[PDB]
Each structure stands twice: as structure tokens, then as C-alpha cells.
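Below: final-v8.txt (compact mmCIF, C-alpha atoms and all ligand atoms)
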# COMPACT_ATOMS: atom_id res chain seq x y z
CA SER K 1081 40.17 -51.12 40.81
CA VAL K 1082 39.54 -49.40 44.15
CA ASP K 1083 41.63 -50.11 47.23
CA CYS K 1084 39.67 -51.77 50.03
CA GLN K 1085 42.29 -50.77 52.63
CA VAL K 1086 42.13 -47.43 54.46
CA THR K 1087 43.91 -45.91 57.46
CA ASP K 1088 41.98 -43.28 59.38
CA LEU K 1089 43.53 -40.14 60.82
CA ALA K 1090 43.92 -41.90 64.18
CA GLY K 1091 45.86 -44.76 62.58
CA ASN K 1092 43.23 -47.52 62.65
CA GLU K 1093 43.56 -49.79 59.63
CA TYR K 1094 40.40 -51.03 57.92
CA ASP K 1095 40.41 -53.93 55.45
CA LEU K 1096 37.30 -54.64 53.39
CA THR K 1097 38.85 -57.02 50.83
CA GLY K 1098 37.06 -59.87 52.62
CA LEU K 1099 33.80 -58.27 51.45
CA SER K 1100 34.97 -57.99 47.82
CA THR K 1101 32.89 -59.88 45.26
CA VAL K 1102 34.91 -62.31 43.15
CA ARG K 1103 32.12 -64.46 41.68
CA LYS K 1104 28.71 -63.43 43.05
CA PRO K 1105 27.55 -60.13 44.57
CA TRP K 1106 26.12 -59.39 47.98
CA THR K 1107 22.36 -59.48 48.45
CA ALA K 1108 20.91 -56.84 50.73
CA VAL K 1109 18.57 -57.77 53.56
CA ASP K 1110 15.42 -55.71 53.04
CA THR K 1111 12.47 -55.96 55.44
CA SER K 1112 10.82 -52.76 54.23
CA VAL K 1113 7.31 -52.80 52.81
CA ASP K 1114 8.64 -51.36 49.53
CA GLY K 1115 11.02 -54.35 49.45
CA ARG K 1116 8.35 -56.86 48.41
CA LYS K 1117 9.35 -56.79 44.72
CA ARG K 1118 12.83 -55.22 44.94
CA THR K 1119 16.30 -56.74 45.35
CA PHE K 1120 19.41 -54.66 46.02
CA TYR K 1121 22.72 -56.05 44.76
CA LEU K 1122 25.93 -54.64 46.22
CA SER K 1123 29.69 -54.94 45.89
CA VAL K 1124 32.55 -53.49 47.94
CA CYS K 1125 35.41 -51.72 46.13
CA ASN K 1126 34.93 -53.99 43.14
CA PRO K 1127 32.22 -53.45 40.52
CA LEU K 1128 29.28 -55.81 40.40
CA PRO K 1129 29.49 -58.91 38.20
CA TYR K 1130 27.20 -59.02 35.17
CA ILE K 1131 23.64 -58.27 36.30
CA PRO K 1132 21.14 -57.88 33.42
CA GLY K 1133 20.19 -54.22 33.04
CA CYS K 1134 22.99 -52.47 34.94
CA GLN K 1135 26.03 -53.29 32.77
CA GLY K 1136 28.46 -50.72 31.40
CA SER K 1137 29.32 -48.35 34.26
CA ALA K 1138 31.33 -50.29 36.88
CA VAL K 1139 28.13 -50.43 38.89
CA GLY K 1140 28.56 -50.99 42.62
CA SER K 1141 24.86 -51.02 43.47
CA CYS K 1142 21.99 -52.38 41.36
CA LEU K 1143 18.27 -52.34 42.16
CA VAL K 1144 16.43 -55.16 40.37
CA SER K 1145 12.63 -55.07 40.48
CA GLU K 1146 9.98 -56.48 38.12
CA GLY K 1147 12.28 -56.99 35.15
CA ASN K 1148 13.77 -53.49 35.23
CA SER K 1149 17.22 -52.68 36.62
CA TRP K 1150 18.56 -49.39 38.00
CA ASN K 1151 22.17 -48.36 38.48
CA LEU K 1152 22.38 -46.83 41.96
CA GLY K 1153 26.02 -45.68 41.81
CA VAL K 1154 29.46 -46.62 40.52
CA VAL K 1155 32.59 -47.61 42.44
CA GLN K 1156 35.00 -44.66 42.51
CA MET K 1157 35.96 -43.66 46.05
CA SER K 1158 37.50 -46.05 48.57
CA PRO K 1159 35.77 -46.71 51.91
CA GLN K 1160 35.85 -43.49 53.94
CA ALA K 1161 36.73 -43.55 57.63
CA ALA K 1162 36.88 -39.74 58.06
CA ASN K 1164 35.48 -40.41 64.47
CA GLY K 1165 36.15 -43.99 63.35
CA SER K 1166 32.97 -45.08 61.51
CA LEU K 1167 33.26 -46.54 58.01
CA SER K 1168 31.28 -45.42 54.98
CA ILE K 1169 31.45 -46.15 51.26
CA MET K 1170 29.65 -44.01 48.69
CA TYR K 1171 28.56 -44.93 45.17
CA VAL K 1172 27.13 -42.01 43.20
CA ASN K 1173 26.28 -41.04 39.62
CA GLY K 1174 23.89 -43.89 38.91
CA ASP K 1175 20.83 -43.78 36.71
CA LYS K 1176 18.88 -40.56 36.42
CA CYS K 1177 16.79 -39.70 39.49
CA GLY K 1178 14.81 -36.50 38.96
CA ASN K 1179 17.32 -33.73 38.37
CA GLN K 1180 20.06 -35.79 40.09
CA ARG K 1181 21.40 -39.34 39.78
CA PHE K 1182 20.89 -42.25 42.15
CA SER K 1183 23.49 -42.88 44.84
CA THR K 1184 24.15 -45.62 47.37
CA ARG K 1185 25.63 -45.24 50.86
CA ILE K 1186 26.74 -48.22 52.94
CA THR K 1187 27.41 -47.36 56.58
CA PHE K 1188 29.59 -49.96 58.31
CA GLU K 1189 29.53 -50.75 62.02
CA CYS K 1190 32.07 -52.82 63.91
CA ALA K 1191 30.15 -55.84 65.17
CA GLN K 1192 31.53 -59.21 66.28
CA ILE K 1193 29.57 -61.13 63.64
CA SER K 1194 29.73 -61.90 59.92
CA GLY K 1195 26.95 -59.62 58.76
CA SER K 1196 25.19 -58.86 55.50
CA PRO K 1197 24.24 -55.36 54.30
CA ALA K 1198 20.67 -54.34 55.08
CA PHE K 1199 18.52 -51.70 53.44
CA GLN K 1200 18.06 -48.86 55.93
CA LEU K 1201 16.75 -45.77 54.21
CA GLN K 1202 15.90 -44.01 50.96
CA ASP K 1203 16.93 -40.36 51.31
CA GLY K 1204 15.49 -38.90 48.13
CA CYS K 1205 17.83 -40.24 45.46
CA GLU K 1206 20.23 -41.87 47.95
CA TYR K 1207 19.81 -45.48 49.09
CA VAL K 1208 21.29 -45.96 52.56
CA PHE K 1209 22.53 -49.34 53.78
CA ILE K 1210 23.68 -50.50 57.22
CA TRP K 1211 26.35 -53.22 57.36
CA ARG K 1212 27.10 -54.58 60.84
CA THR K 1213 29.99 -57.00 60.39
CA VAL K 1214 33.39 -57.97 61.76
CA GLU K 1215 35.23 -56.60 58.73
CA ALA K 1216 34.17 -53.06 59.72
CA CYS K 1217 36.54 -53.34 62.73
CA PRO K 1218 40.12 -52.04 62.93
CA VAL K 1219 42.71 -54.45 61.56
CA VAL K 1220 45.94 -55.30 63.39
CL CL K 1301 32.58 -64.49 45.76
NA NA K 1302 22.02 -56.18 29.17

Please rewrite the model in this file as C-alpha cells.
Amino acid sequence: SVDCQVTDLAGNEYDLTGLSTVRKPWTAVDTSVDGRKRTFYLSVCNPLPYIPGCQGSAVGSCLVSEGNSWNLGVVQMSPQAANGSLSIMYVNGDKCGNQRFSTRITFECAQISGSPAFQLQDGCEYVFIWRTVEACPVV
């Protein structure tokens, strides 16, 4: 139940409803070495559809690896424009040390239909880069 439409301070409209997951989630491109046995599942604004092991929390980001599943953050905030670059933040996932896992997707306006890619693990935060045409200002 999160709005996928945001207007930045400068007045640029962003519309991410085209990335919303109605039936199946997004699958993250991961060419890391730690990505051999791990799959990241992602959704924009909407919670993930049923994925075994991360049900119950309106999970927006699920790591599935070797049978086990981890909740990497729930959908609460809308995509944040805050200079013109888009970001969405899922936090308060499964326990990660003294904190909880979180997921950040950084969007970049690119004239292509892109898929989110795993970029970085910053402690308990999983960082994703999404270069795609939907990250561009709407009319
Ligand atoms: Cl779909
Ligand atoms: Na289950």
C-alpha cells in the first residue's frame, strides 16, 4: 500500500508503478562471488508475493540461499528523490547482529528497461543499483 509516485523538490515527477510486482517478483542480477548460491528477490512499493521463508512482514526484499530465507526489509517508505536521484529503502528485516537487515535500491535514469543488480553489502544493508527508464522524470 505504498505510493509509487513521487515529486521531488524541483518538481520532477517519478512513477515506479511500472516496476510494481503484480504476479511475480523481480530477480536481482548478481555477478558477485558470494552470489553463487544466493538469489535476491525484490519488489517496488508493493510487498513481495509469497516466497517460502519470508512471509508475514510485507517483505520487500528476500534473500534465498540453500533452503533458508532472510527478510531484508519491509515496504514502508515511498521512493525517495530528496539532487534528483531516486532511492527506495526497506529496513527492519531479519535480525543482523545488533541491528536488522535493510535493502537499498538506488535508481539511475537510463534509456533502457533494466533489472536491479546487486551492488554492495554495507554491513547489514544490501545495496542495489537499478539503471532503467522508469527512474527518469515523468511528463
Ligand atoms: Cl507481474
Ligand atoms: Na512458510

Hey, which residues come within 12 Å of ligand CL 1301 (chain K) if we count all atoms listed in the file? Could you give them as a list in words?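 Checked against 12 Å with all atoms listed in the file; the hits are residues 1097, 1098, 1099, 1100, 1101, 1102, 1103, 1104, 1105, 1106, 1107, 1122, 1123, 1124, 1126, 1128 and 1129 of chain K.
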
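The residue that comes closest to residue K:1198, out of K:1092, K:1135, K:1151, K:1213 and on the basis of only C-alpha atoms, is K:1213.
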
Collect all residues with atoms no farther than 10 Å from ligand NA 1302 (chain K), counting only C-alpha atoms and all ligand atoms, and output them as a PDB file with C-alpha atoms, in the coordinates of the input.
ATOM      1  CA  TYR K1130      27.200 -59.020  35.170  1.00  0.00           C
ATOM      2  CA  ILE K1131      23.640 -58.270  36.300  1.00  0.00           C
ATOM      3  CA  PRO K1132      21.140 -57.880  33.420  1.00  0.00           C
ATOM      4  CA  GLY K1133      20.190 -54.220  33.040  1.00  0.00           C
ATOM      5  CA  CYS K1134      22.990 -52.470  34.940  1.00  0.00           C
ATOM      6  CA  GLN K1135      26.030 -53.290  32.770  1.00  0.00           C
ATOM      7  CA  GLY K1136      28.460 -50.720  31.400  1.00  0.00           C
ATOM      8  CA  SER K1149      17.220 -52.680  36.620  1.00  0.00           C
TER       9      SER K1149
END

If I take atom CA of residue K:1155 and atom CA of residue K:1175, how far is one from the other in Å, to one decimal? 13.6 Å

Top pick for closest residue to residue K:1168, considering K:1187, K:1112, K:1081, K:1087 and counting all atoms listed in the file: K:1187

Between atom CA of residue K:1209 and atom CA of residue K:1184, distance in Å (one decimal):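 Atom CA of residue K:1209 sits 7.6 Å away from atom CA of residue K:1184.
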
So which one's closest to residue K:1202, K:1138, K:1084, K:1186, K:1219? Using only C-alpha atoms, please.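 Residue with the minimum atom-to-atom distance to residue K:1202: K:1186.
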